[PDB]
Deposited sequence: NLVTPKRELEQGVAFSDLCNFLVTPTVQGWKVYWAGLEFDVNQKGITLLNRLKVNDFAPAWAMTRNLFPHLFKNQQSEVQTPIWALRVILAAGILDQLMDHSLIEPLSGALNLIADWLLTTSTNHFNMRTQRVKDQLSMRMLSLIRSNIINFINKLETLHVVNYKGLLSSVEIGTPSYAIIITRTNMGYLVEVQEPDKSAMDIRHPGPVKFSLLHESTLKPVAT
């Protein structure tokens, strides 16, 4: 034996911080706390995305509607909560640079991204055995790095400066675009079937106001 393990506390804390997605209401909107990271989410942008979807006549929004027709002119797109937008971004932060942790990490990301449950029921006892300060630290570091990358994006522009990132996996495609309001977040099927003009596939999307990630960037 090289080092005596004393891991109960460690595993208890990692389990708590990784497997509980904490949301509480605040005056502005909601505070979210996950993996020891704190985010203030507000309502800004939601009503705009909703109005934007309606097939009414509005020349002022013609360009935006025509820029993202798969979001704004599509009966199968659905606006989600800003909480959802944050969950997608956290998952993307895990997947972005994604050896034994991989499995577990993926699980956590899939939980964040494909469900709205606040507790993550571990699939197997072995994956649960994976929970550690090291896994938590890796996850936080990944998320911070991805937030920093996001903060380098330019708003949609006419000059060819990067304005979006895309994360692909076999189960889904994530696209995150910097707009004047914040991060436009979308999840489409892996083949990106929402992008097909003749029959636009289903797509979930929302907006995370730019106030939310700023303070967590380093």
- Query: Where along the deposited sequence are residues missing from the model?
  - Reply: 99-104
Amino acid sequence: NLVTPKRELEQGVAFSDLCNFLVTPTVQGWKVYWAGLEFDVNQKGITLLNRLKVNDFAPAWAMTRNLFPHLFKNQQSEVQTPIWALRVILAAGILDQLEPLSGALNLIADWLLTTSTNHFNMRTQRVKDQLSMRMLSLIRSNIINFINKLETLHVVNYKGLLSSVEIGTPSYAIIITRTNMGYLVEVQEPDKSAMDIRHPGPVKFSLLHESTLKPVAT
From here on, numbers count along this sequence of modelled residues.
- Note on the structure: With B-factors read from the PDB entry, the higher C-alpha mean of 119-127 and 68-76 is in 119-127
- Which is higher on average in the deposited entry, the C-alpha temperature factors of 134-142 or of 101-109? 101-109
- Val185, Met63, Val155, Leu49, ranked by C-alpha B-factor: the highest one: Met63
- Query: Looking at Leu22, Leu208, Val13, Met195, which has the highest CA B-factor as recorded?
  - Reply: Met195
- Where does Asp40 sit by CA temperature factor within its chain: lowest, middle or highest third? lowest
- Query: Relative to the other modelled residues in the chain, which third contains the C-alpha temperature factor of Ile167: lowest, middle or highest?
  - Reply: middle
- Message: Split into thirds by Cα B-factor across the chain's modelled residues, where does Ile176 land: lowest, middle or highest?
- Response: lowest
